[PDB]
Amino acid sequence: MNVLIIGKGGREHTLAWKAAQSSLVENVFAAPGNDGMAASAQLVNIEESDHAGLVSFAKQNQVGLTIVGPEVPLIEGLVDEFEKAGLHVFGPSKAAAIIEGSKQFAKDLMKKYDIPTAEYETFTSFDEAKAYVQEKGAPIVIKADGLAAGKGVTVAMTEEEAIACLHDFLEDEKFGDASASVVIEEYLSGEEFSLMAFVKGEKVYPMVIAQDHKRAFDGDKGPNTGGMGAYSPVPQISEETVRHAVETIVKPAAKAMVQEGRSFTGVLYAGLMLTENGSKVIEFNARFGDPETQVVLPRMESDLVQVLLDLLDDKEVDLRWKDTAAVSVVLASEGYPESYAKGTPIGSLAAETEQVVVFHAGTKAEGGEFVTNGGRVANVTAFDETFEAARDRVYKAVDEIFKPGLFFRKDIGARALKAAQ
């Protein structure tokens, strides 16, 4: 079989890396893929945005399973297009991807179906949105309804901050239609963790959970990023917490979507906050997480491709997890998340340390070597039998391949390991 992985980030590298291990698979194609992936995937020069070429390529190249990585094509209905051409494709229809594409939709689903989440309301009027902020006071969380570059969320510590954000989103239409509607919701805290599941209609096959660091700097200080590192398991979260999340959030969410005529197939990603009142949904994503995939997938004992094919063909899914631990650290370009420059030479990015995989997020092969090609550059990912050893191993690996234009957080996983004990 030929498998197509769509996209170009670290999640897709992980996907291609895992698929490559399948006994079922003859070719793994990655469109567009990136140069970090060439050992695991034959790169196919088509953009995740180029839906017609993607569909036409898969159709004509005997691609028996397509796995979609990024959210935008899913949200824009790439799966419908694949299926119109009779291609076998894993991921949600445009109707189902709304659970990520429209935060208001997601909050309303949970309201309707008693799935626990932050108390919220949605607005299209600045005046009414501002009044509600002044009523609730700070802290309060302001979210653009649509994707908004991934920049649509402000956790406001003051009313002024919240109202300025509402100004941007609504009066200035900062993100256009994505911010023509806003969700205003309760600030939560506690342990934040990711619970993904393979889902088809009502069937839910949970994955091991992960946790990430979104803050640029150690001590979780500084601006937000697209993720500075992650790990699975999350030591300080019980198995009971996870199983309860699976039972009262993920499965009910999957059921709800069927009952809404938006039957969901793909990875349902639940971003959860373990509060003093228990898990509450911070967000839903309609696809594999980044950077979570990088520590979750490698823990899979099962063959990803077999799982997906069984799931899609309504067969028994035999999905097994390893006890091992995975921990990854992001190398980002100096300056990210603000301004950064592409082109810095950063070497081979090859580790000697064993049980390490570097998933490339923003690299380009240039002159026998790798240069930086984005803010977050690689996810150095180490596996081991305990959290703490995986933790120690990944930082061996990192120093080894570290280079001038890069930074990274040194404390990935340490608060977790500590709070566990």
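The numbering used is simple: start at 1 and walk along the sequence shown.
Just going by the entry, 353 to 361 versus 58 to 66 on mean CA temperature factor gives the higher value to 353 to 361. Per-stretch averaging of Cα B factors for 125 to 133 and 96 to 104 places 125 to 133 on top. Across 333, 232, 294, 265, the entry's maximum B-factor at the CA atom is seen for 333.
Of the candidates 347, 289, 271, 261, the deposited coordinates give 347 the top C-alpha B factor. Compared with the other modelled residues of the chain, the Cα B-factor recorded for residue 218 ranks in the highest third.
In the deposited entry, the Cα temperature factor of residue 15 sits in the bottom third of values across the chain's modelled residues. Residue 377 sits in the highest third of its chain by CA B factor, as recorded in the PDB entry. Among the modelled residues of the chain, residue 113 sits in the middle third by CA temperature factor in this PDB entry. Ranked by C-alpha B-factor against the other modelled residues of its chain, residue 340 falls in the highest third.
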